[PDB]
Amino acid sequence: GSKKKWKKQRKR
Amino acid sequence: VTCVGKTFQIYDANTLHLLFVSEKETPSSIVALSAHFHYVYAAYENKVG
Amino acid sequence: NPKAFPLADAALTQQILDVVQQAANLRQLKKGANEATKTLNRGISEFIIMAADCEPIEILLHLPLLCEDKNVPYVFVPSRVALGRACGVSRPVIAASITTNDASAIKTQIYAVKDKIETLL
Amino acid sequence: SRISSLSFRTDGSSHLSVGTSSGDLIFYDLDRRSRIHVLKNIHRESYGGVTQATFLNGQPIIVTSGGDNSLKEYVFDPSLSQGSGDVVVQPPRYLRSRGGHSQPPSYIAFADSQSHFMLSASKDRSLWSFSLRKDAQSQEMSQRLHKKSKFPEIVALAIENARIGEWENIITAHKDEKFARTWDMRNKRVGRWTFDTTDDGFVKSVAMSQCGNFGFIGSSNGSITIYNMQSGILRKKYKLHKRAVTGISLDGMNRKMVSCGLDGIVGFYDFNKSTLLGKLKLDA
Amino acid sequence: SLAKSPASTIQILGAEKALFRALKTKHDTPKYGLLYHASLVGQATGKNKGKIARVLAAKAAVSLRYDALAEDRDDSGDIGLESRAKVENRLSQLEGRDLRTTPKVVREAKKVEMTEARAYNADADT
Amino acid sequence: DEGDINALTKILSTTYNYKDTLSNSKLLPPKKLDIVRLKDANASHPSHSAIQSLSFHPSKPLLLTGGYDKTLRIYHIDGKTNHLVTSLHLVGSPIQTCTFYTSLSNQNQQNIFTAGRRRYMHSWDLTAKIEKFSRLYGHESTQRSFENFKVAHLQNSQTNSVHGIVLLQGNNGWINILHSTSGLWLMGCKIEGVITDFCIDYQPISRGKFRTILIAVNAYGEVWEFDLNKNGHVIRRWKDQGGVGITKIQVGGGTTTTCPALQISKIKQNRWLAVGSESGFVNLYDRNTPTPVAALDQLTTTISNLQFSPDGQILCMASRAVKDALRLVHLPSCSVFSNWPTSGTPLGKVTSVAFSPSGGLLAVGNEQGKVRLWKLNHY
Amino acid sequence: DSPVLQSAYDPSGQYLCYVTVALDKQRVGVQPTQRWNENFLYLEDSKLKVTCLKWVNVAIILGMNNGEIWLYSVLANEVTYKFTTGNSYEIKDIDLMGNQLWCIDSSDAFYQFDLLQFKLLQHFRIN
Amino acid sequence: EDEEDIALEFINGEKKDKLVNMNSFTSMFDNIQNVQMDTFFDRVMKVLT
Amino acid sequence: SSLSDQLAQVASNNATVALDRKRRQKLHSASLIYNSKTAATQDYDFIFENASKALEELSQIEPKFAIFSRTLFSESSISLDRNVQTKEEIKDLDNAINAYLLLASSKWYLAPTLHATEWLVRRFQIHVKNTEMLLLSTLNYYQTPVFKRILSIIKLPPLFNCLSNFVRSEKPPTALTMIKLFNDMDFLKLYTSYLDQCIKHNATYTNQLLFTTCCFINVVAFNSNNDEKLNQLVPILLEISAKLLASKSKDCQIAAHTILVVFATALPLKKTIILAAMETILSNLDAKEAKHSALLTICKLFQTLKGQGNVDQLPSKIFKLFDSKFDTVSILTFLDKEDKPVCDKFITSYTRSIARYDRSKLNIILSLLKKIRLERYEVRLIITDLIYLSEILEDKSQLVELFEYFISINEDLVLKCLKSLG
RNA sequence: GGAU
């Protein structure tokens, strides 16, 4: 995952 | 045999290594080149060398 | 689509989809019919959401039966695309579940939406 | 299209090579009435494309020439099909060539003390290395950049050999450019460092110390910047000239450094101590 | 009861012994269960057997839970048929894979040696 | 060796080039895009804040930029020098949006409207002749600020006169329509829910007659259609299929803000309609319960910019959440171009996009105040 | 650099003609030196470019990269006539003496033209 | 009327067609056995349509 | 070159001479019917007996097989060895064997063929010498167990390198890997030549065409992104369609129709190529099913055109050829069916051709327009020529009725065209 | 597009 705390990112 | 301005150069086809170059620069640029065995005929202005 | 009952109205769909989008961010959302089924088996679901337009609708008609037996709230939305949209996935979701968490930061409106769904049923 | 040359294959294959002023060479199988393959842009169209293309008598090797100062040889490999080989004709492959600058060279320099190679830059935006022996070996310096179209033509160039094989040993200046690029003769490839004038000026003078450790860059705005060849890191900056600096030299002793500029003054500096030893003004 | 179950259980319904033993002993779990004897699983090979089992079971629920909860199901099996085609398509592309890398056609770098050839003489013309 | 069935064999012999030359072709290739970068527009004079908005002059070769620096920096874009024409600092007015305007009838009229997070808006006739609009004539409650405003052309059919109108976004589904010159409150329009975005479509009626339609959308996906030639009355209502959290909306294929007209006859209808969302899907609709033609999914963040080519062949869609979040879509194929943008393409946090009326130039602004210019060789 | 790609005073030195780029299109304009004209000739094609500027005694001869020469009247604001060479190569220079008009192409071919007769007189190449 | 108007009208007239991608015809092999080739061409058309 | 490489060539030349005992078992152990141990136990005479009976069964299925009894399956062929045969006599064997594989081409599913082909393998070592012709022939049976048996016994040529993985492998080659072999440009020329012979010999059959068609269409897909290679596919693959179209066989023609459509959708081509494409399609269009496929392929090609002249009238020669093979009633029936593909561009050219060349069919123009909705610009072009017709052609009832049809539909556009033209 |  993005893991900025997970950054708001769409799953494709 | 390839023309280079007022002089010509000879390359070996197998290796493209220089073999001979014209001893002197022609008074005029060469227009045509003909090679026949050990002789090459060069044309410039009204003289064929 | 007479089978899907009760079907939330346009306004009611708003708050539900809003909570679903929130629950997605806080990892309190379970997406998919079987994954929704597992929550009901484990009794960890606040309530179950389904999509009315899904064809065949029978693919989700089991969840009402589980929900009624377990006394879990349930409700239907018109569009499955919009459901998967709020879930935060690139594919349509025909059903999803909100996991039970009394320590969550989004608890209050879940109960509020739950209380309305109680009224709808 | 316009035919410029013709030649037949005398190696036992009914093949005809047709050359075009567009720079394209096409091969046609006369027996099968089909096009074998086309070589595109072998020679520049602007310079007449293929001026002459000839099959060697009794060999699968064809020589191609043009006005772009290049001679190339192409060979037709044996078929990889055990049968029906005439159908399965391999495309001609590059074998060897000789070439040089397509336009008159702008700058030259002697590569080594032994005088076996020359560095040459031309307006065709290419830096070339030419042998001075019968081999006539010629190569174009690779411009593929290191990671940390052609570049503009070179206006200045300096070379040293004190530290060849260890790091970059050539510096050049590009027209209308605010930084200098490095070249490495051992690798025949672009260096991994770029030097900027740091004064919003174009590079007009380039020089390197005999030890090969310091690179001297002259800006159009009158500033002189000092870089290290191996680390490419700016070390010192000298600002005496107010106009463009046209010449920069460090004596082999690495003590006294000389500079001159369009303003007409000649600057004398102590490289070790970084002091202005003296200033001389000339008439022009 | 089976229809009420999720697809996850359906694939591993017949290997509870291996399942719960594996869960408690920190060991790999069954992946075929009772569904191993289906024709589609037989067609698959190697690790693809596990894949088709999961895919088949998901569609097994789809086909099943139509049958159980249908008010006016036609006794035709159409949903199963389209479901079957999807799995077959999944199997085909899955089996179409080659884990083993393809070998490239070798083109070795060989060498040409010039050979002298007879040429007609123009002196005879003259 | 020394209709006819062998025709196709002969034509293959004639040429070794079989790809049709795209020069004669006027439809751009579906997947391959021919783009070359040019020099930056602001390189002559940098901006000290983000480029909040970009706008090309309809006819003159001028580009307008705005941002929180509070200056209207206008550049003469030529692709090689891009020098600055003039700049106009507006103290105490952060610039959220700016645009050129030309009266559809009086071509000599040129004006610039700029607004921000304030209860006033400035107009600039073309020392500077600047004027402030700050009176709503009783509708002050509905509006809190003019930060979001678009300019359109309104035809008064009963007199056949044409004039500009300034559109504003209200606090609760409200849209306020003001006179471009007189600033007079002409009409007001309402929708249910929070207004998120709106646009304008023009539908020609006859010779010299056209109607302007306001398209408004709620975050949910209800879309309202208002007839401004009939006192802003509803004319159509429909929902974006699969729509939730709508963010932006725009039309293409005809006249619009990006592609304004010069006379009445040039008015054309838009055949395309696209709608954004915070997640990043864009539902494309063919304006010619509607169903989207395509549902783009390439970007994964909120749709902050969505613009159509003047000819309606390319959709340029961008997002400000992450860097390099810019994609170009071919139409009507609805296929995203692959060759461009690349990893090395400098885009950063895209925040402003602009299409030139002609010549196929792209201007893209970022947070850093850099406007990077490109050319489409197809045009 | 400068926006003015090319410029030229008239022989009297009283009027300056300059060519500049609007978007991807070059525009030609004239202004009065002693002392605003907003009328510019526009090249409708992006590829087209102005290679030569030459005043005439109120017309200016315009050499194109297309391989043809245009005669432009400032007053009318349109090209009155276009002299087209056989070759499409760009014109490198232009010069005038009364009716005599001489141009050169990228092929290094000399050409001669007559303004009164609007004809190509002769074309030749010198080694 | 102007030529650019005709050009834009022609552009508008153009309509979309589904493009051929990587995995469009792989399934043809699965159903290539004992199929009338007319039906094969028809299926190719259907997927192409 | 190294002595090993130069020596390696020597081994290939005499790979089949059967020098010592050890080499003999490898050569003789090769078998398509039986395993290695039993194969070594066999003798030529026993092989001849089985093969002779097998051909007799094959002869009943197809009389052509009986001829090989005189040359290949003769008793004296038992005493014939290839190693002891001279250069000229060897090609004659190569001609005879190559012919035989072609007649085996449509029958391998039959058991007797394998018995018959065994004798050629064991007597004439075709798997060693005539390797390529055997693979190219059997290529469409790649799921079939026979093909697996081939790979185990045979040394692949350099071009068939992709199949080395499936040699002596339990799984058969996948359809994906077959694409890769065809993707090679060189192999396409091999299969090109092989296919050309079959067309000349009329030996093509559906399963060949089905597999043959199924593959190149994928090669279009696999190269879809890379335009430059797609260009390199034009000379070779289109040339296939030329031969296939020239064939009388309806299956060959319709096969070419499948080929042509996908490239046009895949690649934009010059109209002249597409113009040239039509004449061939229409020149040898005889079978009923061929017209239906052709009348679909024709319109699809016209849909691909996206340049000036997209809907211009067809040439004179093209127009008369088309109507001869497709009467006006037929295309009317084509426009009657509701499931018609998009064909507006073809019709617009077709209608303009009618006006240019025939005065009688104008009343069909009215019917054609009603059936199909044409594009906005396309209608305008139809206005433009018909205006010229009124000025040139004498005013007819059908002519004015055509005007009246457009007066009813979009009256304003009629004025614009009239305004622009007079 | 980049490393390799």
# chains A, B, ... in the order shown; residues from 1 in each chain; ligands from 1
>>> residues_around(residues="range 37-45 of chain B", least_positions_apart="5", cutoff="9 Å", atoms="only C-alpha atoms (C1' of nucleotides)", output="ChimeraX atom specification")
/B:1,6,8,26-32
>>> residues_around(residues="residue 183 in chain D", least_positions_apart="5", cutoff="7 Å", atoms="only C-alpha atoms (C1' of nucleotides)", output="number ranges by chain")
D: 168-171, 189-191
>>> write_last_selection(atoms="N, CA, C and O atoms", output="PDB file, in the first residue's frame")
ATOM      1  N   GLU D 168      37.094  11.568 -16.306  1.00  0.00           N
ATOM      2  CA  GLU D 168      36.986  12.405 -17.494  1.00  0.00           C
ATOM      3  C   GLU D 168      38.268  13.198 -17.719  1.00  0.00           C
ATOM      4  O   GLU D 168      38.860  13.736 -16.781  1.00  0.00           O
ATOM      5  N   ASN D 169      38.688  13.281 -18.983  1.00  0.00           N
ATOM      6  CA  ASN D 169      39.910  13.986 -19.350  1.00  0.00           C
ATOM      7  C   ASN D 169      39.735  14.900 -20.558  1.00  0.00           C
ATOM      8  O   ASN D 169      40.735  15.274 -21.182  1.00  0.00           O
ATOM      9  N   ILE D 170      38.504  15.265 -20.909  1.00  0.00           N
ATOM     10  CA  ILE D 170      38.229  16.227 -21.971  1.00  0.00           C
ATOM     11  C   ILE D 170      37.114  17.157 -21.520  1.00  0.00           C
ATOM     12  O   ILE D 170      36.171  16.732 -20.843  1.00  0.00           O
ATOM     13  N   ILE D 171      37.225  18.425 -21.904  1.00  0.00           N
ATOM     14  CA  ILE D 171      36.211  19.438 -21.649  1.00  0.00           C
ATOM     15  C   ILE D 171      35.924  20.179 -22.948  1.00  0.00           C
ATOM     16  O   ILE D 171      36.846  20.493 -23.707  1.00  0.00           O
ATOM     17  N   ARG D 189      32.969   7.863 -24.552  1.00  0.00           N
ATOM     18  CA  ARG D 189      31.592   8.141 -24.174  1.00  0.00           C
ATOM     19  C   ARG D 189      31.560   9.418 -23.348  1.00  0.00           C
ATOM     20  O   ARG D 189      32.552   9.809 -22.726  1.00  0.00           O
ATOM     21  N   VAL D 190      30.395  10.070 -23.372  1.00  0.00           N
ATOM     22  CA  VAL D 190      30.181  11.276 -22.584  1.00  0.00           C
ATOM     23  C   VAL D 190      30.567  11.040 -21.136  1.00  0.00           C
ATOM     24  O   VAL D 190      30.398   9.942 -20.587  1.00  0.00           O
ATOM     25  N   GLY D 191      31.118  12.078 -20.514  1.00  0.00           N
ATOM     26  CA  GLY D 191      31.399  12.038 -19.101  1.00  0.00           C
ATOM     27  C   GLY D 191      30.141  12.229 -18.285  1.00  0.00           C
ATOM     28  O   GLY D 191      29.067  12.549 -18.793  1.00  0.00           O
TER      29      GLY D 191
END
>>> closest_atom_pairs(of="range 17-65 of chain C", to="range 1-7 of chain A", cutoff="12 Å", atoms="only C-alpha atoms", output="JSON lines")
{"residue": "C:24", "atom": "CA", "partner": "A:6", "partner_atom": "CA", "distance": 11.6}
{"residue": "C:25", "atom": "CA", "partner": "A:6", "partner_atom": "CA", "distance": 8.6}
{"residue": "C:26", "atom": "CA", "partner": "A:6", "partner_atom": "CA", "distance": 9.7}
{"residue": "C:27", "atom": "CA", "partner": "A:6", "partner_atom": "CA", "distance": 10.4}
>>> write_last_selection(atoms="C-alpha atoms", output="PDB file, in the first residue's frame")
ATOM      1  CA  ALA C  24     -13.522   2.281   3.810  1.00  0.00           C
ATOM      2  CA  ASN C  25     -10.906   4.784   5.000  1.00  0.00           C
ATOM      3  CA  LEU C  26     -10.914   3.442   8.576  1.00  0.00           C
ATOM      4  CA  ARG C  27     -10.769  -0.223   7.458  1.00  0.00           C
TER       5      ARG C  27
END
>>> residues_around(residues="range 23-31 of chain G", least_positions_apart="5", cutoff="9 Å", atoms="only C-alpha atoms (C1' of nucleotides)", output="MDAnalysis selection string")
(chainID F and resid 60:62 76:79 356 358:361 375) or (chainID G and resid 15:18 36:50 74)
>>> atom_distance(atom1="CA of residue 3 in chain G", atom2="CA of residue 84 in chain F")
11.3 Å
>>> atom_distance(atom1="CA of residue 147 in chain F", atom2="CA of residue 186 in chain F")
19.2 Å
